[PDB]
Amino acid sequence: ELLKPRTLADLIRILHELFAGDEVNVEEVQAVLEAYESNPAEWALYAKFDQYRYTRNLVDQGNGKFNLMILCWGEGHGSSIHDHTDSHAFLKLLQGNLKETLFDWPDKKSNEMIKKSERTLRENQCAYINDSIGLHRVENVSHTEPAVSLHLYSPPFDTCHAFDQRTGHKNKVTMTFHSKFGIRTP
């Protein structure tokens, strides 16, 4: 039974219940993520920015089946075009706006990757992607406002592929944590 998370801590407790089994009800998880009203005081500890690129800040290591982190995007910071390593990926906005651009999986033939669509993800909204849906790029295109997003991945993964927009060629990237549980992890 899905109740509104009152705080980030409450959300985390609810997620441990939603991931107590072996499968994932995506619509339920997205609904409860969207229902949490971002409260900056609750997540300030994890919102550690870097001047030059976006940072990944682990919030909860989950129960073996998921993990929850906060990404901090300076003005103009964005990602590669990337996949999600056969995992579920949820993205909720905590502050600001992000542009999400969708791409199809490339064919083996070298070719420009043409965007299939784009949208602006706004404060408190929760987006979802998986590899069956496609690839995406996420960017803070603002010149004046940093963005903060809450990401849930299930199962957890620490590698993915970046895709070259000119060719569709991919390269494996290992993702690192800027911090864990509020502690900077150089």
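All residue numbers are counted from 1 along the displayed sequence.
Remark: stretch with higher mean C-alpha B factor among 109 to 117 and 94 to 102 is 109 to 117. Stretches compared: 157 to 165, 53 to 61. Higher mean C-alpha B-factor in the entry: 157 to 165. Per the PDB record, residue ranking by Cα B-factor puts residue 185 in the highest third of the chain. Sorting the modelled residues of the chain by their CA temperature factor places residue 178 in the lowest third. Placement of the Cα temperature factor of residue 126 within the chain: highest third of the modelled residues, per the deposited record.
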